[PDB]
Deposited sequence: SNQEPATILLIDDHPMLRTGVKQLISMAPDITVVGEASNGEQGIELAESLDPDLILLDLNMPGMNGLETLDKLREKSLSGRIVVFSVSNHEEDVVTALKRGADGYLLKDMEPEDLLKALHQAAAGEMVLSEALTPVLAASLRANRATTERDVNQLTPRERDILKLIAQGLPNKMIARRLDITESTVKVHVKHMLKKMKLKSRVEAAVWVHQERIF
C-alpha cells in the first residue's frame, strides 16, 4: 500500500510536476486534490493522509492562516508547505506554525522527488540548524498518555514514518494514525516535528 498524499494548491504548473514525480514513485500516491484552503482543509481531516502538501501562495495572501486552520484539524500526518518566498525567517515561521517541512517551488526534479518521498514515506528529523529555533518557540501533562500513546510518541519523536511505527509496535497504520491524533491532542503539540523537539528538550525518554 503506497503512502498517501493530499495536494492543496492553486498553482497548475506546480501540481503538474509534483503529480508527474509522484507517478514515478510506486510507494507514494496522490489520494486527493483541492484548489483552495477551505476545500483542502475538510479533505485533509477526512482522508487523514500521510502527507499534505500546502501551497502558501494561493489566492488570498493568507497562506499562514490556511496553515493554521489546517493545523487545527485532527491529523496524524506530516504537513509540508510550498512557497516562492526565499525569506529565511519564513521557513522558521512555517515550522513554528505547524509545518513539518518547507519547500521552494523551483527545485530540480530529482531533488523534489527525494523530498516528496522522504516526507510521505521516509524518516524525517529537523536540522540541527532549526532545532534551537523551534525549541525556543515551545504545560504538557505526559502522564495523561496511555502506554501505547507513549510508545507512539517515542517513535514519532525519532522521525519515523507510519509504516515503520506500525511494524515496530505490531499494529496497523490505521491504528498508528488514531493514536498519533489522540496523543498530539493530549500533549498539545501542533505537529510531529513539534513532538520530536519537545521529547528532545524534556528527554522524557
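Stretches of the deposited sequence left without coordinates are 1-3, 142-148, in sequence order.
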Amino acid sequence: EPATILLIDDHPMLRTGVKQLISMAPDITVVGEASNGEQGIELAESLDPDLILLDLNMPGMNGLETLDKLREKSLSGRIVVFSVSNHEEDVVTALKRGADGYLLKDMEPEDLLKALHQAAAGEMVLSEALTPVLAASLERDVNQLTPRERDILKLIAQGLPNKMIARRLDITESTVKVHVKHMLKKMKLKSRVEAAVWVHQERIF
From here on, numbers count along this sequence of modelled residues.
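57-65 and 159-167 differ in mean CA B-factor, and the higher of the two is recorded for 57-65. The stretch 192-200 shows the higher mean C-alpha B-factor when 9-17 is compared against 192-200 in the entry. The PDB entry assigns its highest CA temperature factor, among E33, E173, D50, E139, to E139.
Across the options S76, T93, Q118, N86, the residue with the most elevated CA B-factor in the record is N86. Annotation for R71: CA B-factor lies in the highest third of the chain's modelled residues. For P109, the recorded CA temperature factor ranks within the highest third of the chain's modelled residues.
In the PDB entry, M124 places in the middle third of its chain by CA B-factor. In the PDB entry, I22 places in the middle third of its chain by CA B-factor.
Annotation for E38: CA B-factor lies in the highest third of the chain's modelled residues.
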